[PDB]
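Enquirer: Following this line is upload22.pdb, made up of PDB, C-alpha atoms:
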ATOM      1  CA  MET T   1     211.928 230.510 -83.636  1.00  0.00           C
ATOM      2  CA  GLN T   2     212.260 227.808 -80.994  1.00  0.00           C
ATOM      3  CA  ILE T   3     209.700 226.936 -78.346  1.00  0.00           C
ATOM      4  CA  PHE T   4     210.121 224.883 -75.204  1.00  0.00           C
ATOM      5  CA  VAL T   5     207.347 222.310 -75.265  1.00  0.00           C
ATOM      6  CA  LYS T   6     206.934 220.830 -71.805  1.00  0.00           C
ATOM      7  CA  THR T   7     205.485 217.334 -71.883  1.00  0.00           C
ATOM      8  CA  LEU T   8     202.879 216.280 -69.291  1.00  0.00           C
ATOM      9  CA  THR T   9     205.515 214.382 -67.280  1.00  0.00           C
ATOM     10  CA  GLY T  10     207.629 217.545 -67.100  1.00  0.00           C
ATOM     11  CA  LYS T  11     210.122 216.664 -69.824  1.00  0.00           C
ATOM     12  CA  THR T  12     210.853 219.772 -71.878  1.00  0.00           C
ATOM     13  CA  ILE T  13     211.605 219.387 -75.591  1.00  0.00           C
ATOM     14  CA  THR T  14     212.963 221.961 -78.040  1.00  0.00           C
ATOM     15  CA  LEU T  15     211.241 222.394 -81.399  1.00  0.00           C
ATOM     16  CA  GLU T  16     212.756 224.463 -84.187  1.00  0.00           C
ATOM     17  CA  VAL T  17     210.205 225.888 -86.627  1.00  0.00           C
ATOM     18  CA  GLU T  18     209.480 229.039 -88.617  1.00  0.00           C
ATOM     19  CA  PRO T  19     206.981 231.790 -87.606  1.00  0.00           C
ATOM     20  CA  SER T  20     205.218 231.237 -90.926  1.00  0.00           C
ATOM     21  CA  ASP T  21     204.764 227.560 -90.050  1.00  0.00           C
ATOM     22  CA  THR T  22     201.187 226.644 -89.257  1.00  0.00           C
ATOM     23  CA  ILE T  23     200.479 224.713 -86.035  1.00  0.00           C
ATOM     24  CA  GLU T  24     199.541 221.659 -88.134  1.00  0.00           C
ATOM     25  CA  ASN T  25     203.046 221.433 -89.636  1.00  0.00           C
ATOM     26  CA  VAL T  26     204.560 222.124 -86.221  1.00  0.00           C
ATOM     27  CA  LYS T  27     202.626 219.117 -84.947  1.00  0.00           C
ATOM     28  CA  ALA T  28     203.934 217.078 -87.880  1.00  0.00           C
ATOM     29  CA  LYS T  29     207.517 217.989 -86.973  1.00  0.00           C
ATOM     30  CA  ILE T  30     207.025 216.573 -83.484  1.00  0.00           C
ATOM     31  CA  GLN T  31     205.210 213.661 -85.101  1.00  0.00           C
ATOM     32  CA  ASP T  32     208.402 212.830 -86.995  1.00  0.00           C
ATOM     33  CA  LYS T  33     210.967 213.773 -84.335  1.00  0.00           C
ATOM     34  CA  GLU T  34     209.402 212.373 -81.153  1.00  0.00           C
ATOM     35  CA  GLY T  35     206.689 210.402 -82.903  1.00  0.00           C
ATOM     36  CA  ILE T  36     203.511 211.834 -81.421  1.00  0.00           C
ATOM     37  CA  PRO T  37     200.256 211.678 -83.473  1.00  0.00           C
ATOM     38  CA  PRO T  38     198.902 215.188 -84.277  1.00  0.00           C
ATOM     39  CA  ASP T  39     195.321 214.172 -83.439  1.00  0.00           C
ATOM     40  CA  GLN T  40     196.227 212.921 -79.967  1.00  0.00           C
ATOM     41  CA  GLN T  41     198.731 215.723 -79.449  1.00  0.00           C
ATOM     42  CA  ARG T  42     197.201 218.662 -77.592  1.00  0.00           C
ATOM     43  CA  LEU T  43     199.230 221.867 -77.438  1.00  0.00           C
ATOM     44  CA  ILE T  44     198.056 224.527 -75.001  1.00  0.00           C
ATOM     45  CA  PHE T  45     199.506 228.037 -74.876  1.00  0.00           C
ATOM     46  CA  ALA T  46     198.391 230.540 -72.208  1.00  0.00           C
ATOM     47  CA  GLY T  47     195.235 228.495 -71.715  1.00  0.00           C
ATOM     48  CA  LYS T  48     194.412 228.452 -75.410  1.00  0.00           C
ATOM     49  CA  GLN T  49     194.608 225.439 -77.699  1.00  0.00           C
ATOM     50  CA  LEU T  50     196.812 226.006 -80.741  1.00  0.00           C
ATOM     51  CA  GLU T  51     194.557 225.688 -83.781  1.00  0.00           C
ATOM     52  CA  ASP T  52     196.025 224.257 -86.997  1.00  0.00           C
ATOM     53  CA  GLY T  53     194.656 227.241 -88.904  1.00  0.00           C
ATOM     54  CA  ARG T  54     196.924 229.610 -87.005  1.00  0.00           C
ATOM     55  CA  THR T  55     200.638 230.294 -86.778  1.00  0.00           C
ATOM     56  CA  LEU T  56     203.113 231.191 -84.044  1.00  0.00           C
ATOM     57  CA  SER T  57     202.921 234.836 -85.102  1.00  0.00           C
ATOM     58  CA  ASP T  58     199.112 234.771 -84.954  1.00  0.00           C
ATOM     59  CA  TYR T  59     199.192 233.828 -81.271  1.00  0.00           C
ATOM     60  CA  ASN T  60     201.978 236.378 -80.703  1.00  0.00           C
ATOM     61  CA  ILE T  61     204.246 233.696 -79.279  1.00  0.00           C
ATOM     62  CA  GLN T  62     207.534 235.130 -78.061  1.00  0.00           C
ATOM     63  CA  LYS T  63     210.764 233.158 -78.440  1.00  0.00           C
ATOM     64  CA  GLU T  64     212.062 230.956 -75.596  1.00  0.00           C
ATOM     65  CA  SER T  65     208.498 230.493 -74.368  1.00  0.00           C
ATOM     66  CA  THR T  66     207.225 227.532 -72.372  1.00  0.00           C
ATOM     67  CA  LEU T  67     204.483 225.508 -74.054  1.00  0.00           C
ATOM     68  CA  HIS T  68     202.502 222.587 -72.659  1.00  0.00           C
ATOM     69  CA  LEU T  69     202.082 219.251 -74.401  1.00  0.00           C
ATOM     70  CA  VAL T  70     199.012 217.351 -73.259  1.00  0.00           C
ATOM     71  CA  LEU T  71     197.496 214.095 -74.506  1.00  0.00           C
ATOM     72  CA  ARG T  72     193.881 213.481 -75.574  1.00  0.00           C
ATOM     73  CA  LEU T  73     191.316 213.162 -72.782  1.00  0.00           C
ATOM     74  CA  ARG T  74     188.758 211.114 -74.675  1.00  0.00           C
ATOM     75  CA  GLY T  75     188.991 208.888 -77.723  1.00  0.00           C
ATOM     76  CA  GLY T  76     185.462 209.384 -78.940  1.00  0.00           C
TER      77      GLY T  76
ATOM     78  CA  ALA V  49     188.278 211.476 -43.311  1.00  0.00           C
ATOM     79  CA  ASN V  50     191.793 210.026 -43.189  1.00  0.00           C
ATOM     80  CA  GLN V  51     193.686 212.364 -45.505  1.00  0.00           C
ATOM     81  CA  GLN V  52     195.947 213.510 -42.671  1.00  0.00           C
ATOM     82  CA  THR V  53     199.102 212.732 -44.621  1.00  0.00           C
ATOM     83  CA  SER V  54     202.413 213.260 -42.831  1.00  0.00           C
ATOM     84  CA  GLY V  55     203.880 215.125 -45.775  1.00  0.00           C
ATOM     85  CA  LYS V  56     201.891 218.341 -45.931  1.00  0.00           C
ATOM     86  CA  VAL V  57     203.101 221.128 -48.185  1.00  0.00           C
ATOM     87  CA  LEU V  58     202.157 224.747 -47.554  1.00  0.00           C
ATOM     88  CA  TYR V  59     201.526 227.014 -50.522  1.00  0.00           C
ATOM     89  CA  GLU V  60     201.014 230.761 -49.899  1.00  0.00           C
ATOM     90  CA  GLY V  61     198.975 230.209 -46.747  1.00  0.00           C
ATOM     91  CA  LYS V  62     197.430 226.734 -46.883  1.00  0.00           C
ATOM     92  CA  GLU V  63     198.621 223.150 -46.371  1.00  0.00           C
ATOM     93  CA  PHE V  64     197.701 220.393 -48.812  1.00  0.00           C
ATOM     94  CA  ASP V  65     198.746 216.860 -49.737  1.00  0.00           C
ATOM     95  CA  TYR V  66     200.255 217.619 -53.139  1.00  0.00           C
ATOM     96  CA  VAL V  67     200.997 221.038 -54.634  1.00  0.00           C
ATOM     97  CA  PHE V  68     201.959 220.690 -58.285  1.00  0.00           C
ATOM     98  CA  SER V  69     203.927 223.593 -59.740  1.00  0.00           C
ATOM     99  CA  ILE V  70     202.366 224.619 -63.037  1.00  0.00           C
ATOM    100  CA  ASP V  71     203.865 227.317 -65.240  1.00  0.00           C
ATOM    101  CA  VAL V  72     201.769 229.449 -67.576  1.00  0.00           C
ATOM    102  CA  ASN V  73     204.493 230.481 -70.044  1.00  0.00           C
ATOM    103  CA  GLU V  74     206.944 232.649 -68.148  1.00  0.00           C
ATOM    104  CA  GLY V  75     208.945 231.840 -65.032  1.00  0.00           C
ATOM    105  CA  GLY V  76     207.029 234.018 -62.631  1.00  0.00           C
ATOM    106  CA  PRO V  77     204.477 233.906 -61.349  1.00  0.00           C
ATOM    107  CA  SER V  78     204.118 230.146 -60.993  1.00  0.00           C
ATOM    108  CA  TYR V  79     200.857 228.461 -60.026  1.00  0.00           C
ATOM    109  CA  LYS V  80     200.494 225.756 -57.395  1.00  0.00           C
ATOM    110  CA  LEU V  81     197.685 223.222 -57.648  1.00  0.00           C
ATOM    111  CA  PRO V  82     196.590 222.051 -54.176  1.00  0.00           C
ATOM    112  CA  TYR V  83     195.531 218.426 -54.607  1.00  0.00           C
ATOM    113  CA  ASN V  84     194.155 216.216 -51.838  1.00  0.00           C
ATOM    114  CA  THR V  85     194.694 212.456 -51.517  1.00  0.00           C
ATOM    115  CA  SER V  86     190.928 211.973 -51.337  1.00  0.00           C
ATOM    116  CA  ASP V  87     189.901 214.212 -54.242  1.00  0.00           C
ATOM    117  CA  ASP V  88     188.924 213.692 -57.871  1.00  0.00           C
ATOM    118  CA  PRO V  89     191.412 214.965 -60.523  1.00  0.00           C
ATOM    119  CA  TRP V  90     188.651 216.829 -62.367  1.00  0.00           C
ATOM    120  CA  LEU V  91     187.236 218.277 -59.147  1.00  0.00           C
ATOM    121  CA  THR V  92     190.570 219.646 -57.956  1.00  0.00           C
ATOM    122  CA  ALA V  93     191.299 220.982 -61.433  1.00  0.00           C
ATOM    123  CA  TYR V  94     187.943 222.750 -61.595  1.00  0.00           C
ATOM    124  CA  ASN V  95     188.274 223.982 -58.006  1.00  0.00           C
ATOM    125  CA  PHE V  96     191.629 225.556 -58.868  1.00  0.00           C
ATOM    126  CA  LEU V  97     190.288 226.823 -62.207  1.00  0.00           C
ATOM    127  CA  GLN V  98     187.532 228.878 -60.581  1.00  0.00           C
ATOM    128  CA  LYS V  99     189.799 229.792 -57.675  1.00  0.00           C
ATOM    129  CA  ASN V 100     192.563 231.465 -59.685  1.00  0.00           C
ATOM    130  CA  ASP V 101     190.243 232.199 -62.636  1.00  0.00           C
ATOM    131  CA  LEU V 102     191.571 230.084 -65.498  1.00  0.00           C
ATOM    132  CA  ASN V 103     190.216 229.074 -68.904  1.00  0.00           C
ATOM    133  CA  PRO V 104     188.331 225.709 -69.201  1.00  0.00           C
ATOM    134  CA  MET V 105     191.110 224.556 -71.570  1.00  0.00           C
ATOM    135  CA  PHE V 106     193.421 224.457 -68.538  1.00  0.00           C
ATOM    136  CA  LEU V 107     191.157 221.819 -66.962  1.00  0.00           C
ATOM    137  CA  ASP V 108     192.465 218.921 -69.046  1.00  0.00           C
ATOM    138  CA  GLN V 109     196.049 220.186 -68.809  1.00  0.00           C
ATOM    139  CA  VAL V 110     196.171 220.257 -65.007  1.00  0.00           C
ATOM    140  CA  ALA V 111     193.864 217.261 -64.529  1.00  0.00           C
ATOM    141  CA  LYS V 112     196.031 215.082 -66.774  1.00  0.00           C
ATOM    142  CA  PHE V 113     199.012 215.439 -64.441  1.00  0.00           C
ATOM    143  CA  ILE V 114     196.806 214.418 -61.528  1.00  0.00           C
ATOM    144  CA  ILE V 115     195.247 211.569 -63.504  1.00  0.00           C
ATOM    145  CA  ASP V 116     198.598 210.267 -64.742  1.00  0.00           C
ATOM    146  CA  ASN V 117     199.918 210.476 -61.186  1.00  0.00           C
ATOM    147  CA  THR V 118     197.263 208.089 -59.894  1.00  0.00           C
ATOM    148  CA  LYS V 119     197.442 206.157 -63.173  1.00  0.00           C
ATOM    149  CA  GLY V 120     201.124 205.615 -62.516  1.00  0.00           C
ATOM    150  CA  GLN V 121     202.321 205.916 -66.109  1.00  0.00           C
ATOM    151  CA  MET V 122     205.540 207.648 -65.095  1.00  0.00           C
ATOM    152  CA  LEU V 123     205.698 205.519 -61.948  1.00  0.00           C
ATOM    153  CA  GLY V 124     204.787 201.946 -62.811  1.00  0.00           C
ATOM    154  CA  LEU V 125     201.060 201.533 -62.180  1.00  0.00           C
ATOM    155  CA  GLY V 126     199.954 200.679 -58.651  1.00  0.00           C
ATOM    156  CA  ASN V 127     196.291 201.612 -58.838  1.00  0.00           C
ATOM    157  CA  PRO V 128     194.589 198.305 -57.779  1.00  0.00           C
TER     158      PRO V 128
END
Would you kindly transcribe this structure into structure tokens?
Expert:
Amino acid sequence: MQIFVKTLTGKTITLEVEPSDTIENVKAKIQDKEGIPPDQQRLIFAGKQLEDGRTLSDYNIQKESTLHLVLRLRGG
Amino acid sequence: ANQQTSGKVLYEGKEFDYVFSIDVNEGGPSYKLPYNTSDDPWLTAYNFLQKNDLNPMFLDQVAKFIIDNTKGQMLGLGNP
């Protein structure tokens, strides 16, 4: 499945992953493609933060959906 | 009290300085965040959050766009 991750600035990126792929690996894919650290990368879907212990199927994420990519608010 | 900006945008039934269009996941309906030139990014975010009834997680998401706007990352600074 492919999701449309919309960056804070408004730039939408397309990520191709599997439903069985955990959010952590999904983050790693973006970490290698775009080069965004998984710890600073905040993915919010429907007002909920995508936990690494879940999958796309767990959140019942439909295909061609719009996701939001936010950056960390605090460092520590 | 000098936030009488010339460019006022009207959303639904109210005029504000900046009305950012924020999607939730689908195309419709779309949400409009009414930000004022003399308002704090976290305040406006919270104000909108309790207004349209959103989850606290949305706070950082919507506030970041406001923060980055004044921060000028995608503009070229210009804060001082």
Enquirer: Go through T:35, T:53, T:47, T:76 and flag the residue nearest chain V, using all atoms listed in the file for the distances.
Expert: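 For chain V, the nearest of the candidates is T:47.
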Enquirer: Run the PyMOL selection byres ((chain V and resi 54) around 12) mentally over the shown coordinates, then write out the matched residues as a list in words, using the chain letters and numbers from the document.
Expert: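 This file, filtered by the PyMOL selection byres ((chain V and resi 54) around 12), leaves residues 50, 51, 52, 53, 55, 56, 57, 63, 64, 65, 66 and 85 of chain V.
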Enquirer: Starting from the shown file, work through the PyMOL selection byres ((chain T and resi 20) around 9) and note down what comes out as an mmCIF file with C-alpha atoms, keeping the file's coordinate frame.
Expert:
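Generated output (selection.cif):
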data_model
loop_
_atom_site.group_PDB
_atom_site.id
_atom_site.type_symbol
_atom_site.label_atom_id
_atom_site.label_comp_id
_atom_site.auth_asym_id
_atom_site.auth_seq_id
_atom_site.Cartn_x
_atom_site.Cartn_y
_atom_site.Cartn_z
ATOM 1 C CA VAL T 17 210.205 225.888 -86.627
ATOM 2 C CA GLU T 18 209.480 229.039 -88.617
ATOM 3 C CA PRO T 19 206.981 231.790 -87.606
ATOM 4 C CA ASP T 21 204.764 227.560 -90.050
ATOM 5 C CA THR T 22 201.187 226.644 -89.257
ATOM 6 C CA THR T 55 200.638 230.294 -86.778
ATOM 7 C CA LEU T 56 203.113 231.191 -84.044
ATOM 8 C CA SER T 57 202.921 234.836 -85.102
#
Enquirer: In Å, rounded to a single decimal, give me how far atom CA of residue V:126 is from atom CA of residue T:43.
Expert: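 So the two atoms, atom CA of residue T:43 and atom CA of residue V:126, lie 28.3 Å apart.
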Enquirer: Report, in Å with one decimal, the straight-line distance from atom CA of residue V:76 to atom CA of residue T:65.
Expert: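 So the answer is 12.3 Å.
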Enquirer: Within 8 Å of chain T, which residues of chain V are there when counting only C-alpha atoms? Please give them as a list in words.
Expert: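 Using only C-alpha atoms, chain V residues at most 8 Å from chain T: residues 71, 72, 73, 74, 102, 103, 104, 105, 106, 108, 109, 112, 113 and 122 of chain V.
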Enquirer: May I have the centre and edge lengths, in Å to one decimal, of an axis-aligned box around the listed atoms of stretch 32-37 of chain T with 6 Å added to every side, as lines of an AutoDock Vina configuration file?
Expert:
center_x = 205.6
center_y = 212.1
center_z = -84.1
size_x = 22.7
size_y = 15.4
size_z = 17.8
Enquirer: Under the PyMOL selection byres ((chain V and resi 80) around 6), which residues of this model are included? Write them out as an MDAnalysis selection string.
Expert: chainID V and resid 67:69 79 81
Enquirer: Need to verify the contact set: residue V:92, 8 Å, all atoms listed in the file, exclusion of same-chain residues closer than 6 positions in sequence. Can you return it as a list in words?
Expert: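 The neighbour list is residues 81, 82, 83, 84 and 111 of chain V.
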Enquirer: One number please: atom CA of residue T:50 to atom CA of residue V:75, in Å, one decimal.
Expert: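 Straight-line distance from atom CA of residue T:50 to atom CA of residue V:75 works out to 20.7 Å.
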Enquirer: Counting only C-alpha atoms, what is within 7 Å of residue T:54, bar same-chain residues fewer than 2 positions away, as a PyMOL selection string?
Expert: chain T and resi 22-23+51-52+58
Enquirer: Could you check the closest approach to residue T:40 for each of T:28, T:75, T:60, T:14 and tell me which residue wins, using all atoms listed in the file?
Expert: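 Looking at the shortest contact to residue T:40, the residue is T:75.
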Enquirer: Kindly indicate which residue among T:63, T:27, T:1, T:34 lies nearest to residue T:13, using all atoms listed in the file for the distances.
Expert: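 With all atoms listed in the file as the atom set, the closest residue is T:34.
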Enquirer: Can you find the residues with an atom no farther than 6 Å from (189.9, 211.5, -64.5), counting only C-alpha atoms, and report them as a list in words?
Expert: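 Residues close enough to count: residues 89, 90 and 115 of chain V.
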Enquirer: Pop stretch 102-127 of chain V out of the structure in the block and write N, CA, C and O atoms as a PDB file, in the first residue's frame.
Expert:
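Generated output (out-v6.pdb):
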ATOM      1  N   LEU V 102     -10.554  18.620  18.927  1.00  0.00           N
ATOM      2  CA  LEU V 102      -9.508  17.776  18.363  1.00  0.00           C
ATOM      3  C   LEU V 102      -8.690  17.129  19.474  1.00  0.00           C
ATOM      4  O   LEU V 102      -8.795  17.507  20.641  1.00  0.00           O
ATOM      5  N   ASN V 103      -7.879  16.148  19.106  1.00  0.00           N
ATOM      6  CA  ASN V 103      -7.030  15.447  20.062  1.00  0.00           C
ATOM      7  C   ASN V 103      -5.765  16.261  20.326  1.00  0.00           C
ATOM      8  O   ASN V 103      -5.243  16.891  19.408  1.00  0.00           O
ATOM      9  N   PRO V 104      -5.268  16.278  21.581  1.00  0.00           N
ATOM     10  CA  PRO V 104      -4.048  17.015  21.962  1.00  0.00           C
ATOM     11  C   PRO V 104      -2.856  16.768  21.028  1.00  0.00           C
ATOM     12  O   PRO V 104      -1.977  17.618  20.907  1.00  0.00           O
ATOM     13  N   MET V 105      -2.832  15.615  20.364  1.00  0.00           N
ATOM     14  CA  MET V 105      -1.748  15.277  19.442  1.00  0.00           C
ATOM     15  C   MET V 105      -1.731  16.235  18.246  1.00  0.00           C
ATOM     16  O   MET V 105      -0.692  16.458  17.628  1.00  0.00           O
ATOM     17  N   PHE V 106      -2.892  16.806  17.943  1.00  0.00           N
ATOM     18  CA  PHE V 106      -3.029  17.740  16.828  1.00  0.00           C
ATOM     19  C   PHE V 106      -2.385  19.085  17.152  1.00  0.00           C
ATOM     20  O   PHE V 106      -2.059  19.855  16.249  1.00  0.00           O
ATOM     21  N   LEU V 107      -2.196  19.351  18.445  1.00  0.00           N
ATOM     22  CA  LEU V 107      -1.615  20.609  18.912  1.00  0.00           C
ATOM     23  C   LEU V 107      -0.273  20.887  18.250  1.00  0.00           C
ATOM     24  O   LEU V 107      -0.096  21.917  17.606  1.00  0.00           O
ATOM     25  N   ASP V 108       0.658  19.955  18.393  1.00  0.00           N
ATOM     26  CA  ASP V 108       1.992  20.109  17.823  1.00  0.00           C
ATOM     27  C   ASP V 108       1.942  20.195  16.300  1.00  0.00           C
ATOM     28  O   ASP V 108       2.649  20.995  15.696  1.00  0.00           O
ATOM     29  N   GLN V 109       1.079  19.393  15.690  1.00  0.00           N
ATOM     30  CA  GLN V 109       0.953  19.365  14.235  1.00  0.00           C
ATOM     31  C   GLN V 109       0.560  20.726  13.663  1.00  0.00           C
ATOM     32  O   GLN V 109       1.199  21.225  12.736  1.00  0.00           O
ATOM     33  N   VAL V 110      -0.488  21.326  14.212  1.00  0.00           N
ATOM     34  CA  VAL V 110      -0.962  22.612  13.719  1.00  0.00           C
ATOM     35  C   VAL V 110      -0.092  23.772  14.202  1.00  0.00           C
ATOM     36  O   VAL V 110       0.093  24.754  13.483  1.00  0.00           O
ATOM     37  N   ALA V 111       0.458  23.655  15.406  1.00  0.00           N
ATOM     38  CA  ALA V 111       1.299  24.709  15.960  1.00  0.00           C
ATOM     39  C   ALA V 111       2.614  24.815  15.202  1.00  0.00           C
ATOM     40  O   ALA V 111       3.133  25.911  15.010  1.00  0.00           O
ATOM     41  N   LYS V 112       3.138  23.676  14.763  1.00  0.00           N
ATOM     42  CA  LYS V 112       4.402  23.638  14.033  1.00  0.00           C
ATOM     43  C   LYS V 112       4.356  24.488  12.773  1.00  0.00           C
ATOM     44  O   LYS V 112       5.316  25.193  12.467  1.00  0.00           O
ATOM     45  N   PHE V 113       3.241  24.432  12.051  1.00  0.00           N
ATOM     46  CA  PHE V 113       3.097  25.211  10.826  1.00  0.00           C
ATOM     47  C   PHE V 113       3.109  26.700  11.153  1.00  0.00           C
ATOM     48  O   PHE V 113       3.669  27.509  10.415  1.00  0.00           O
ATOM     49  N   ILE V 114       2.497  27.053  12.276  1.00  0.00           N
ATOM     50  CA  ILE V 114       2.453  28.437  12.716  1.00  0.00           C
ATOM     51  C   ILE V 114       3.836  28.874  13.194  1.00  0.00           C
ATOM     52  O   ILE V 114       4.303  29.968  12.874  1.00  0.00           O
ATOM     53  N   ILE V 115       4.492  27.996  13.945  1.00  0.00           N
ATOM     54  CA  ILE V 115       5.823  28.268  14.468  1.00  0.00           C
ATOM     55  C   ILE V 115       6.825  28.441  13.334  1.00  0.00           C
ATOM     56  O   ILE V 115       7.574  29.415  13.302  1.00  0.00           O
ATOM     57  N   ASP V 116       6.811  27.501  12.395  1.00  0.00           N
ATOM     58  CA  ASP V 116       7.728  27.529  11.262  1.00  0.00           C
ATOM     59  C   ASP V 116       7.482  28.747  10.386  1.00  0.00           C
ATOM     60  O   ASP V 116       8.407  29.253   9.747  1.00  0.00           O
ATOM     61  N   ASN V 117       6.237  29.208  10.356  1.00  0.00           N
ATOM     62  CA  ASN V 117       5.873  30.386   9.580  1.00  0.00           C
ATOM     63  C   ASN V 117       6.612  31.605  10.120  1.00  0.00           C
ATOM     64  O   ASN V 117       7.269  32.331   9.373  1.00  0.00           O
ATOM     65  N   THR V 118       6.521  31.807  11.429  1.00  0.00           N
ATOM     66  CA  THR V 118       7.188  32.921  12.082  1.00  0.00           C
ATOM     67  C   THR V 118       8.696  32.674  12.157  1.00  0.00           C
ATOM     68  O   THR V 118       9.493  33.612  12.190  1.00  0.00           O
ATOM     69  N   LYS V 119       9.077  31.400  12.196  1.00  0.00           N
ATOM     70  CA  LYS V 119      10.483  31.014  12.242  1.00  0.00           C
ATOM     71  C   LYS V 119      11.136  31.324  10.899  1.00  0.00           C
ATOM     72  O   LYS V 119      12.323  31.644  10.823  1.00  0.00           O
ATOM     73  N   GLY V 120      10.344  31.213   9.842  1.00  0.00           N
ATOM     74  CA  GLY V 120      10.817  31.514   8.510  1.00  0.00           C
ATOM     75  C   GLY V 120      11.749  30.468   7.934  1.00  0.00           C
ATOM     76  O   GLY V 120      12.680  30.808   7.208  1.00  0.00           O
ATOM     77  N   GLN V 121      11.516  29.198   8.235  1.00  0.00           N
ATOM     78  CA  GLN V 121      12.371  28.145   7.694  1.00  0.00           C
ATOM     79  C   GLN V 121      12.154  28.041   6.191  1.00  0.00           C
ATOM     80  O   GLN V 121      13.103  28.063   5.408  1.00  0.00           O
ATOM     81  N   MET V 122      10.891  27.964   5.798  1.00  0.00           N
ATOM     82  CA  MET V 122      10.526  27.878   4.389  1.00  0.00           C
ATOM     83  C   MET V 122      10.261  29.274   3.827  1.00  0.00           C
ATOM     84  O   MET V 122       9.419  29.458   2.950  1.00  0.00           O
ATOM     85  N   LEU V 123      11.000  30.253   4.338  1.00  0.00           N
ATOM     86  CA  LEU V 123      10.850  31.635   3.902  1.00  0.00           C
ATOM     87  C   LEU V 123      12.209  32.324   3.827  1.00  0.00           C
ATOM     88  O   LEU V 123      12.515  33.022   2.860  1.00  0.00           O
ATOM     89  N   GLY V 124      13.023  32.121   4.853  1.00  0.00           N
ATOM     90  CA  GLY V 124      14.338  32.727   4.891  1.00  0.00           C
ATOM     91  C   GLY V 124      14.524  33.606   6.110  1.00  0.00           C
ATOM     92  O   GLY V 124      15.040  34.719   6.006  1.00  0.00           O
ATOM     93  N   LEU V 125      14.103  33.097   7.265  1.00  0.00           N
ATOM     94  CA  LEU V 125      14.204  33.817   8.532  1.00  0.00           C
ATOM     95  C   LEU V 125      13.416  35.126   8.474  1.00  0.00           C
ATOM     96  O   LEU V 125      12.433  35.234   7.737  1.00  0.00           O
ATOM     97  N   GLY V 126      13.852  36.117   9.242  1.00  0.00           N
ATOM     98  CA  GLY V 126      13.167  37.393   9.264  1.00  0.00           C
ATOM     99  C   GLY V 126      12.416  37.612  10.558  1.00  0.00           C
ATOM    100  O   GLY V 126      11.417  38.335  10.596  1.00  0.00           O
ATOM    101  N   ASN V 127      12.894  36.983  11.619  1.00  0.00           N
ATOM    102  CA  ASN V 127      12.265  37.108  12.928  1.00  0.00           C
ATOM    103  C   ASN V 127      12.719  38.384  13.647  1.00  0.00           C
ATOM    104  O   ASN V 127      11.879  39.182  14.062  1.00  0.00           O
TER     105      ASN V 127
END
